[PDB]
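Below is the file target_8.cif, which contains mmCIF, N, CA and C atoms.
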```
data_model
#
loop_
_atom_site.label_atom_id
_atom_site.label_comp_id
_atom_site.auth_asym_id
_atom_site.auth_seq_id
_atom_site.Cartn_x
_atom_site.Cartn_y
_atom_site.Cartn_z
N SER D 1856 42.96 -113.33 -125.11
CA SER D 1856 41.56 -113.24 -124.61
C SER D 1856 40.68 -113.55 -125.83
N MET D 1857 39.36 -113.30 -125.73
CA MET D 1857 38.43 -113.52 -126.88
C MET D 1857 38.86 -112.81 -128.15
N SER D 1858 39.06 -113.58 -129.24
CA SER D 1858 39.47 -113.00 -130.55
C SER D 1858 40.90 -112.34 -130.54
N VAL D 1859 41.66 -112.67 -129.53
CA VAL D 1859 43.06 -112.16 -129.35
C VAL D 1859 43.97 -113.30 -128.99
N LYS D 1860 44.68 -113.79 -130.00
CA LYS D 1860 45.57 -114.94 -129.82
C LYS D 1860 47.00 -114.73 -130.23
N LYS D 1861 47.94 -115.27 -129.44
CA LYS D 1861 49.35 -115.40 -129.87
C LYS D 1861 49.43 -116.22 -131.15
N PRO D 1862 50.46 -115.97 -131.96
CA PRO D 1862 50.65 -116.81 -133.16
C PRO D 1862 50.67 -118.36 -132.84
N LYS D 1863 50.03 -119.14 -133.73
CA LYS D 1863 49.80 -120.59 -133.53
C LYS D 1863 51.13 -121.38 -133.69
N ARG D 1864 51.70 -121.84 -132.58
CA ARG D 1864 52.74 -122.89 -132.56
C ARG D 1864 52.30 -124.23 -133.22
N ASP D 1865 53.19 -124.76 -134.06
CA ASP D 1865 52.92 -126.02 -134.76
C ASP D 1865 53.15 -127.15 -133.74
N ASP D 1866 52.05 -127.78 -133.36
CA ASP D 1866 52.08 -128.82 -132.31
C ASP D 1866 51.90 -130.20 -132.93
N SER D 1867 51.91 -130.27 -134.26
CA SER D 1867 51.55 -131.49 -134.98
C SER D 1867 52.55 -132.66 -134.85
N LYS D 1868 53.79 -132.36 -134.49
CA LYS D 1868 54.87 -133.32 -134.24
C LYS D 1868 55.09 -133.67 -132.76
N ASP D 1869 54.36 -133.04 -131.88
CA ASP D 1869 54.61 -133.23 -130.45
C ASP D 1869 54.48 -134.71 -130.05
N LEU D 1870 53.43 -135.36 -130.53
CA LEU D 1870 53.12 -136.75 -130.17
C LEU D 1870 54.28 -137.67 -130.56
N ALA D 1871 54.76 -137.52 -131.79
CA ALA D 1871 55.89 -138.28 -132.27
C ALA D 1871 57.14 -137.97 -131.51
N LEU D 1872 57.39 -136.69 -131.23
CA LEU D 1872 58.61 -136.32 -130.54
C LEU D 1872 58.61 -136.81 -129.03
N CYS D 1873 57.45 -136.72 -128.38
CA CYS D 1873 57.33 -137.27 -126.99
C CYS D 1873 57.59 -138.81 -126.99
N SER D 1874 57.08 -139.48 -128.03
CA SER D 1874 57.31 -140.94 -128.22
C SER D 1874 58.79 -141.27 -128.36
N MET D 1875 59.51 -140.44 -129.12
CA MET D 1875 60.93 -140.62 -129.28
C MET D 1875 61.69 -140.39 -128.00
N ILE D 1876 61.35 -139.33 -127.28
CA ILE D 1876 61.97 -139.10 -126.00
C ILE D 1876 61.76 -140.31 -125.07
N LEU D 1877 60.52 -140.78 -125.02
CA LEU D 1877 60.14 -141.86 -124.13
C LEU D 1877 60.91 -143.11 -124.52
N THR D 1878 61.05 -143.41 -125.84
CA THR D 1878 61.91 -144.52 -126.31
C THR D 1878 63.35 -144.42 -125.81
N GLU D 1879 63.91 -143.22 -125.80
CA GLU D 1879 65.24 -143.01 -125.37
C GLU D 1879 65.34 -143.20 -123.85
N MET D 1880 64.30 -142.81 -123.13
CA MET D 1880 64.27 -143.08 -121.67
C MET D 1880 64.15 -144.61 -121.38
N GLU D 1881 63.28 -145.29 -122.10
CA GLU D 1881 63.08 -146.72 -121.98
C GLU D 1881 64.34 -147.55 -122.22
N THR D 1882 65.23 -147.08 -123.08
CA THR D 1882 66.38 -147.84 -123.49
C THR D 1882 67.62 -147.41 -122.76
N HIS D 1883 67.53 -146.41 -121.87
CA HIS D 1883 68.70 -146.01 -121.08
C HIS D 1883 69.01 -147.16 -120.08
N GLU D 1884 70.29 -147.40 -119.82
CA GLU D 1884 70.64 -148.51 -118.97
C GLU D 1884 70.18 -148.36 -117.53
N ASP D 1885 69.96 -147.15 -117.05
CA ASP D 1885 69.44 -146.89 -115.72
C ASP D 1885 67.88 -146.76 -115.63
N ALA D 1886 67.16 -147.20 -116.64
CA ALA D 1886 65.72 -147.11 -116.70
C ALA D 1886 65.06 -148.24 -115.87
N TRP D 1887 65.81 -149.32 -115.58
CA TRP D 1887 65.26 -150.53 -114.94
C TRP D 1887 64.37 -150.30 -113.73
N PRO D 1888 64.68 -149.30 -112.84
CA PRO D 1888 63.72 -149.14 -111.74
C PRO D 1888 62.34 -148.60 -112.11
N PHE D 1889 62.23 -148.10 -113.34
CA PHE D 1889 61.12 -147.24 -113.81
C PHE D 1889 60.31 -147.86 -114.94
N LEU D 1890 60.68 -149.04 -115.43
CA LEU D 1890 60.09 -149.61 -116.63
C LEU D 1890 58.65 -150.10 -116.39
N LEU D 1891 58.38 -150.57 -115.17
CA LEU D 1891 57.12 -151.19 -114.84
C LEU D 1891 56.59 -150.62 -113.58
N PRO D 1892 55.24 -150.70 -113.37
CA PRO D 1892 54.73 -150.26 -112.08
C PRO D 1892 55.36 -150.99 -110.86
N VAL D 1893 55.60 -150.24 -109.79
CA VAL D 1893 56.07 -150.81 -108.50
C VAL D 1893 54.99 -151.79 -108.05
N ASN D 1894 55.42 -152.98 -107.61
CA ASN D 1894 54.46 -154.03 -107.20
C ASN D 1894 53.96 -153.67 -105.77
N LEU D 1895 52.75 -153.19 -105.73
CA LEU D 1895 52.17 -152.66 -104.49
C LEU D 1895 51.82 -153.73 -103.48
N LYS D 1896 51.76 -154.98 -103.93
CA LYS D 1896 51.66 -156.14 -103.01
C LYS D 1896 53.00 -156.49 -102.40
N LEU D 1897 54.11 -156.26 -103.11
CA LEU D 1897 55.40 -156.76 -102.64
C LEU D 1897 56.31 -155.72 -102.09
N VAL D 1898 55.93 -154.43 -102.11
CA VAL D 1898 56.84 -153.39 -101.64
C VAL D 1898 56.14 -152.66 -100.52
N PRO D 1899 56.48 -153.06 -99.26
CA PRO D 1899 55.90 -152.41 -98.10
C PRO D 1899 56.06 -150.91 -98.12
N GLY D 1900 54.99 -150.25 -97.80
CA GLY D 1900 54.99 -148.80 -97.60
C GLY D 1900 54.63 -148.03 -98.88
N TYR D 1901 54.80 -148.67 -100.03
CA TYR D 1901 54.66 -147.91 -101.34
C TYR D 1901 53.28 -147.41 -101.62
N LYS D 1902 52.29 -148.30 -101.39
CA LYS D 1902 50.91 -147.95 -101.65
C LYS D 1902 50.46 -146.75 -100.82
N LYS D 1903 50.78 -146.78 -99.53
CA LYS D 1903 50.34 -145.70 -98.62
C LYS D 1903 51.08 -144.39 -98.82
N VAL D 1904 52.37 -144.50 -99.12
CA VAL D 1904 53.20 -143.30 -99.17
C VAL D 1904 53.06 -142.58 -100.50
N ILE D 1905 53.03 -143.33 -101.58
CA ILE D 1905 53.16 -142.72 -102.95
C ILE D 1905 51.76 -142.61 -103.51
N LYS D 1906 51.23 -141.42 -103.46
CA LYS D 1906 49.80 -141.24 -103.70
C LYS D 1906 49.48 -141.43 -105.21
N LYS D 1907 50.45 -141.16 -106.09
CA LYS D 1907 50.25 -141.30 -107.50
C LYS D 1907 51.42 -142.02 -108.17
N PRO D 1908 51.40 -143.34 -108.18
CA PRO D 1908 52.46 -144.15 -108.80
C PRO D 1908 52.50 -143.83 -110.28
N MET D 1909 53.71 -143.79 -110.84
CA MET D 1909 53.84 -143.59 -112.31
C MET D 1909 55.09 -144.36 -112.75
N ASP D 1910 55.09 -144.86 -113.98
CA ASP D 1910 56.22 -145.60 -114.51
C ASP D 1910 56.20 -145.46 -116.03
N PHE D 1911 57.31 -145.84 -116.69
CA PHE D 1911 57.41 -145.64 -118.14
C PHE D 1911 56.37 -146.40 -118.94
N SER D 1912 56.01 -147.63 -118.53
CA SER D 1912 55.05 -148.44 -119.31
C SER D 1912 53.65 -147.84 -119.27
N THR D 1913 53.28 -147.25 -118.14
CA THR D 1913 52.07 -146.54 -117.93
C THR D 1913 52.03 -145.22 -118.74
N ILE D 1914 53.15 -144.51 -118.79
CA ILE D 1914 53.23 -143.31 -119.64
C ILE D 1914 53.07 -143.76 -121.09
N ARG D 1915 53.76 -144.84 -121.47
CA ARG D 1915 53.68 -145.33 -122.86
C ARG D 1915 52.23 -145.67 -123.27
N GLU D 1916 51.50 -146.37 -122.41
CA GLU D 1916 50.12 -146.71 -122.66
C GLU D 1916 49.22 -145.44 -122.76
N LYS D 1917 49.40 -144.49 -121.85
CA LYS D 1917 48.66 -143.23 -121.89
C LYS D 1917 48.97 -142.43 -123.20
N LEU D 1918 50.24 -142.43 -123.60
CA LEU D 1918 50.65 -141.72 -124.80
C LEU D 1918 50.00 -142.34 -126.07
N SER D 1919 50.13 -143.66 -126.20
CA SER D 1919 49.61 -144.42 -127.29
C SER D 1919 48.07 -144.40 -127.42
N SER D 1920 47.35 -144.02 -126.38
CA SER D 1920 45.92 -144.08 -126.35
C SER D 1920 45.31 -142.70 -126.21
N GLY D 1921 46.08 -141.64 -126.51
CA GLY D 1921 45.53 -140.26 -126.50
C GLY D 1921 45.09 -139.77 -125.21
N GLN D 1922 45.75 -140.20 -124.14
CA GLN D 1922 45.38 -139.67 -122.83
C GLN D 1922 46.23 -138.47 -122.32
N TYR D 1923 47.19 -138.01 -123.13
CA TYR D 1923 47.85 -136.74 -122.84
C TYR D 1923 47.26 -135.62 -123.72
N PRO D 1924 46.61 -134.63 -123.09
CA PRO D 1924 46.06 -133.57 -123.92
C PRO D 1924 47.10 -132.65 -124.50
N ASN D 1925 48.29 -132.55 -123.89
CA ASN D 1925 49.30 -131.65 -124.42
C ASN D 1925 50.69 -132.09 -123.88
N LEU D 1926 51.75 -131.46 -124.36
CA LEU D 1926 53.10 -131.91 -123.97
C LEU D 1926 53.40 -131.59 -122.47
N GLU D 1927 52.73 -130.61 -121.86
CA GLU D 1927 52.91 -130.35 -120.43
C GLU D 1927 52.42 -131.50 -119.52
N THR D 1928 51.31 -132.12 -119.90
CA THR D 1928 50.76 -133.20 -119.13
C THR D 1928 51.70 -134.41 -119.25
N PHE D 1929 52.35 -134.59 -120.39
CA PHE D 1929 53.30 -135.67 -120.59
C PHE D 1929 54.52 -135.46 -119.66
N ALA D 1930 55.10 -134.26 -119.67
CA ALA D 1930 56.24 -133.92 -118.80
C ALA D 1930 55.92 -134.08 -117.32
N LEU D 1931 54.72 -133.70 -116.91
CA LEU D 1931 54.29 -133.86 -115.53
C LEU D 1931 54.36 -135.37 -115.05
N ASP D 1932 53.89 -136.28 -115.88
CA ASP D 1932 54.00 -137.74 -115.57
C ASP D 1932 55.42 -138.23 -115.55
N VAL D 1933 56.26 -137.78 -116.49
CA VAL D 1933 57.67 -138.17 -116.46
C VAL D 1933 58.32 -137.70 -115.14
N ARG D 1934 58.11 -136.44 -114.81
CA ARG D 1934 58.69 -135.88 -113.61
C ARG D 1934 58.16 -136.60 -112.36
N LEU D 1935 56.88 -136.97 -112.36
CA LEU D 1935 56.24 -137.71 -111.29
C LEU D 1935 57.00 -139.00 -111.00
N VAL D 1936 57.47 -139.68 -112.05
CA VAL D 1936 58.28 -140.86 -111.89
C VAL D 1936 59.51 -140.54 -111.00
N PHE D 1937 60.19 -139.43 -111.28
CA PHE D 1937 61.42 -139.12 -110.54
C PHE D 1937 61.20 -138.51 -109.19
N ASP D 1938 60.11 -137.76 -109.04
CA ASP D 1938 59.65 -137.27 -107.75
C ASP D 1938 59.26 -138.36 -106.81
N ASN D 1939 58.55 -139.34 -107.34
CA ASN D 1939 58.24 -140.58 -106.55
C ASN D 1939 59.49 -141.29 -106.11
N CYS D 1940 60.44 -141.43 -107.03
CA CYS D 1940 61.69 -142.12 -106.74
C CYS D 1940 62.43 -141.44 -105.56
N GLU D 1941 62.50 -140.13 -105.61
CA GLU D 1941 63.12 -139.35 -104.56
C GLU D 1941 62.41 -139.46 -103.23
N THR D 1942 61.09 -139.47 -103.27
CA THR D 1942 60.30 -139.67 -102.05
C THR D 1942 60.60 -141.01 -101.32
N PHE D 1943 60.79 -142.06 -102.08
CA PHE D 1943 60.95 -143.40 -101.53
C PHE D 1943 62.38 -143.95 -101.37
N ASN D 1944 63.38 -143.35 -102.04
CA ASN D 1944 64.71 -143.94 -102.11
C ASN D 1944 65.74 -142.92 -101.63
N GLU D 1945 66.70 -143.42 -100.87
CA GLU D 1945 67.82 -142.60 -100.44
C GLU D 1945 68.60 -142.18 -101.69
N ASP D 1946 69.03 -140.93 -101.70
CA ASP D 1946 69.98 -140.43 -102.76
C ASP D 1946 71.20 -141.39 -102.98
N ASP D 1947 71.74 -141.93 -101.89
CA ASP D 1947 72.89 -142.80 -101.89
C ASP D 1947 72.43 -144.28 -101.93
N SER D 1948 71.83 -144.64 -103.05
CA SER D 1948 71.33 -145.99 -103.34
C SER D 1948 71.41 -146.13 -104.85
N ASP D 1949 71.40 -147.34 -105.37
CA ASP D 1949 71.42 -147.51 -106.81
C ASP D 1949 70.18 -146.88 -107.47
N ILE D 1950 69.01 -147.13 -106.89
CA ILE D 1950 67.76 -146.61 -107.46
C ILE D 1950 67.74 -145.10 -107.31
N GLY D 1951 68.18 -144.60 -106.17
CA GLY D 1951 68.22 -143.13 -105.90
C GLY D 1951 69.10 -142.39 -106.97
N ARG D 1952 70.23 -142.98 -107.29
CA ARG D 1952 71.17 -142.43 -108.25
C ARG D 1952 70.55 -142.57 -109.66
N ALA D 1953 69.95 -143.73 -109.92
CA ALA D 1953 69.20 -143.95 -111.18
C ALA D 1953 68.20 -142.85 -111.46
N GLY D 1954 67.42 -142.49 -110.44
CA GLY D 1954 66.42 -141.45 -110.62
C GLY D 1954 66.97 -140.09 -110.98
N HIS D 1955 68.03 -139.70 -110.27
CA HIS D 1955 68.72 -138.43 -110.57
C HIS D 1955 69.31 -138.42 -111.93
N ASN D 1956 69.91 -139.54 -112.36
CA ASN D 1956 70.46 -139.63 -113.69
C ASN D 1956 69.40 -139.51 -114.78
N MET D 1957 68.30 -140.27 -114.62
CA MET D 1957 67.20 -140.29 -115.64
C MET D 1957 66.52 -138.91 -115.71
N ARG D 1958 66.37 -138.25 -114.60
CA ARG D 1958 65.75 -136.93 -114.59
C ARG D 1958 66.59 -135.93 -115.42
N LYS D 1959 67.89 -135.92 -115.14
CA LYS D 1959 68.83 -135.12 -115.94
C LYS D 1959 68.76 -135.43 -117.41
N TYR D 1960 68.83 -136.72 -117.77
CA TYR D 1960 68.73 -137.16 -119.11
C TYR D 1960 67.45 -136.63 -119.79
N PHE D 1961 66.31 -136.82 -119.13
CA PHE D 1961 65.01 -136.33 -119.60
C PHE D 1961 65.00 -134.80 -119.84
N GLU D 1962 65.45 -134.03 -118.85
CA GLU D 1962 65.35 -132.58 -118.88
C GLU D 1962 66.16 -131.98 -120.01
N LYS D 1963 67.28 -132.62 -120.35
CA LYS D 1963 68.06 -132.17 -121.46
C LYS D 1963 67.33 -132.43 -122.78
N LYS D 1964 66.86 -133.66 -123.00
CA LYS D 1964 66.09 -133.97 -124.18
C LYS D 1964 64.89 -133.05 -124.33
N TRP D 1965 64.25 -132.74 -123.23
CA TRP D 1965 63.05 -131.95 -123.23
C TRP D 1965 63.37 -130.49 -123.74
N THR D 1966 64.39 -129.88 -123.15
CA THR D 1966 64.86 -128.55 -123.50
C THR D 1966 65.33 -128.54 -124.94
N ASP D 1967 66.14 -129.52 -125.34
CA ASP D 1967 66.66 -129.53 -126.70
C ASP D 1967 65.59 -129.71 -127.74
N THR D 1968 64.53 -130.48 -127.43
CA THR D 1968 63.51 -130.78 -128.40
C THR D 1968 62.49 -129.64 -128.50
N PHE D 1969 62.16 -128.99 -127.39
CA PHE D 1969 61.00 -128.10 -127.30
C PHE D 1969 61.31 -126.63 -126.88
N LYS D 1970 62.44 -126.32 -126.24
CA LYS D 1970 62.82 -124.91 -125.86
C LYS D 1970 63.90 -124.33 -126.79
#
```
Can you present the structure in this file as structure tokens?
Amino acid sequence: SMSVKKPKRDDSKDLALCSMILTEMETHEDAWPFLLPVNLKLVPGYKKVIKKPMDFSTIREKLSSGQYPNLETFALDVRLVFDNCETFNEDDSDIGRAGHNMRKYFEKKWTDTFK
């Protein structure tokens, strides 16, 4: 509360560490469905169904331009990528399996780096 604070966590490396995680996601062999925005002209149903499209290149641009105020907002966009994937793709599809794999990969890096 006012004049009552928990000890100050060192957040000075968060930006660099989120960048490294994102690099590792970008270079994973199953990242291909997620590297670029879904083409909303060419993919029927996507625009109407997926209220907040997100992809790795968009996260990268937001990260590089100071549009994440903290590491929670960064994780929310990463997860949004996989939540969108699940909304639109059958579990038993290449993209569906890609999403589950990348989410797992992300969550481990996230826990190991920050928890």
For a quick check of understanding, using only C-alpha atoms, which of D:1861, D:1970, D:1906, D:1868 has the smallest distance to residue 1925 (chain D)? D:1868
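Across the structure, CA of residue 1905 (chain D) and CA of residue 1939 (chain D) are spaced 6.6 Å apart.
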Taking the file as shown, what set of residues would the PyMOL selection byres (((chain D and resi 1954 and name CA) around 12) and name CA) give back, as a VMD selection string? chain D and resid 1880 1883 to 1890 1910 1933 to 1953 1955 to 1961
Residue neighbourhood residue 1876 (chain D), 9 Å, only C-alpha atoms, exclusion window fewer than 4 positions, as a count of residues only: 8
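Here atom C of residue 1918 (chain D) is placed at a distance of 25.8 Å from atom C of residue 1904 (chain D).
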Given the file shown, determine the residues that the PyMOL selection byres (((chain D and resi 1892-1896 and name CA) around 8) and name CA) selects; report them as a count of residues only. 13
Quick check for you: according to DSSP on this backbone, which residues of chain D are classed as alpha helix (DSSP H)? Reply as a PyMOL selection string. chain D and resi 1869-1881+1901-1904+1911-1919+1926-1943+1949-1969
Pick from D:1867, D:1969, D:1858, D:1877, whichever lies nearest to residue 1927 (chain D) using only C-alpha atoms: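 Looking at the shortest contact to residue 1927 (chain D), the residue is D:1969.
Ranking D:1907, D:1900, D:1870, D:1882 by their shortest atom-to-atom distance to residue 1921 (chain D), with only C-alpha atoms included, puts D:1870 first.
Interatomic distance, atom C of residue 1928 (chain D) to atom C of residue 1859 (chain D): 24.5 Å.
Nearest-residue note for residue 1914 (chain D): choosing from D:1931, D:1869, D:1967, D:1860, the minimum distance belongs to D:1931, counting only C-alpha atoms.
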N, CA, C and O atoms for region 1915-1931 of chain D, written as a PDB file, in the frame of the given file, could you do that?
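Produced file selection-v2.pdb, reproduced below:
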```
ATOM      1  N   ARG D1915      53.760-144.840-121.470  1.00  0.00           N
ATOM      2  CA  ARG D1915      53.680-145.330-122.860  1.00  0.00           C
ATOM      3  C   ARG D1915      52.230-145.670-123.270  1.00  0.00           C
ATOM      4  O   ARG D1915      51.761-145.244-124.366  1.00  0.00           O
ATOM      5  N   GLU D1916      51.500-146.370-122.410  1.00  0.00           N
ATOM      6  CA  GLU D1916      50.120-146.710-122.660  1.00  0.00           C
ATOM      7  C   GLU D1916      49.220-145.440-122.760  1.00  0.00           C
ATOM      8  O   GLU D1916      48.355-145.341-123.643  1.00  0.00           O
ATOM      9  N   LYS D1917      49.400-144.490-121.850  1.00  0.00           N
ATOM     10  CA  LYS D1917      48.660-143.230-121.890  1.00  0.00           C
ATOM     11  C   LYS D1917      48.970-142.430-123.200  1.00  0.00           C
ATOM     12  O   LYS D1917      48.060-141.851-123.873  1.00  0.00           O
ATOM     13  N   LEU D1918      50.240-142.430-123.600  1.00  0.00           N
ATOM     14  CA  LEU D1918      50.650-141.720-124.800  1.00  0.00           C
ATOM     15  C   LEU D1918      50.000-142.340-126.070  1.00  0.00           C
ATOM     16  O   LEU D1918      49.487-141.638-126.891  1.00  0.00           O
ATOM     17  N   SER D1919      50.130-143.660-126.200  1.00  0.00           N
ATOM     18  CA  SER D1919      49.610-144.420-127.290  1.00  0.00           C
ATOM     19  C   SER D1919      48.070-144.400-127.420  1.00  0.00           C
ATOM     20  O   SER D1919      47.544-144.803-128.456  1.00  0.00           O
ATOM     21  N   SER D1920      47.350-144.020-126.380  1.00  0.00           N
ATOM     22  CA  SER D1920      45.920-144.080-126.350  1.00  0.00           C
ATOM     23  C   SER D1920      45.310-142.700-126.210  1.00  0.00           C
ATOM     24  O   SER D1920      44.147-142.580-125.818  1.00  0.00           O
ATOM     25  N   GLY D1921      46.080-141.640-126.510  1.00  0.00           N
ATOM     26  CA  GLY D1921      45.530-140.260-126.500  1.00  0.00           C
ATOM     27  C   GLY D1921      45.090-139.770-125.210  1.00  0.00           C
ATOM     28  O   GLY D1921      44.182-138.904-125.109  1.00  0.00           O
ATOM     29  N   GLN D1922      45.750-140.200-124.140  1.00  0.00           N
ATOM     30  CA  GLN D1922      45.380-139.670-122.830  1.00  0.00           C
ATOM     31  C   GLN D1922      46.230-138.470-122.320  1.00  0.00           C
ATOM     32  O   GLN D1922      45.989-137.951-121.231  1.00  0.00           O
ATOM     33  N   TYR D1923      47.190-138.010-123.130  1.00  0.00           N
ATOM     34  CA  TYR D1923      47.850-136.740-122.840  1.00  0.00           C
ATOM     35  C   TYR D1923      47.260-135.620-123.720  1.00  0.00           C
ATOM     36  O   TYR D1923      47.454-135.648-124.965  1.00  0.00           O
ATOM     37  N   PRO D1924      46.610-134.630-123.090  1.00  0.00           N
ATOM     38  CA  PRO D1924      46.060-133.570-123.920  1.00  0.00           C
ATOM     39  C   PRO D1924      47.100-132.650-124.500  1.00  0.00           C
ATOM     40  O   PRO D1924      46.809-132.004-125.479  1.00  0.00           O
ATOM     41  N   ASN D1925      48.290-132.550-123.890  1.00  0.00           N
ATOM     42  CA  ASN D1925      49.300-131.650-124.420  1.00  0.00           C
ATOM     43  C   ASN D1925      50.690-132.090-123.880  1.00  0.00           C
ATOM     44  O   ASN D1925      50.808-133.048-123.072  1.00  0.00           O
ATOM     45  N   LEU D1926      51.750-131.460-124.360  1.00  0.00           N
ATOM     46  CA  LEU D1926      53.100-131.910-123.970  1.00  0.00           C
ATOM     47  C   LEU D1926      53.400-131.590-122.470  1.00  0.00           C
ATOM     48  O   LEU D1926      54.152-132.337-121.849  1.00  0.00           O
ATOM     49  N   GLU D1927      52.730-130.610-121.860  1.00  0.00           N
ATOM     50  CA  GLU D1927      52.910-130.350-120.430  1.00  0.00           C
ATOM     51  C   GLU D1927      52.420-131.500-119.520  1.00  0.00           C
ATOM     52  O   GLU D1927      53.081-131.858-118.517  1.00  0.00           O
ATOM     53  N   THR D1928      51.310-132.120-119.900  1.00  0.00           N
ATOM     54  CA  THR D1928      50.760-133.200-119.130  1.00  0.00           C
ATOM     55  C   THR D1928      51.700-134.410-119.250  1.00  0.00           C
ATOM     56  O   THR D1928      51.778-135.157-118.313  1.00  0.00           O
ATOM     57  N   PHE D1929      52.350-134.590-120.390  1.00  0.00           N
ATOM     58  CA  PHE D1929      53.300-135.670-120.590  1.00  0.00           C
ATOM     59  C   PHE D1929      54.520-135.460-119.660  1.00  0.00           C
ATOM     60  O   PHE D1929      54.914-136.380-118.932  1.00  0.00           O
ATOM     61  N   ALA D1930      55.100-134.260-119.670  1.00  0.00           N
ATOM     62  CA  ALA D1930      56.240-133.920-118.800  1.00  0.00           C
ATOM     63  C   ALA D1930      55.920-134.080-117.320  1.00  0.00           C
ATOM     64  O   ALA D1930      56.779-134.505-116.532  1.00  0.00           O
ATOM     65  N   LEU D1931      54.720-133.700-116.910  1.00  0.00           N
ATOM     66  CA  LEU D1931      54.290-133.860-115.530  1.00  0.00           C
ATOM     67  C   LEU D1931      54.360-135.370-115.050  1.00  0.00           C
ATOM     68  O   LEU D1931      54.806-135.667-113.938  1.00  0.00           O
TER      69      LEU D1931
END
```
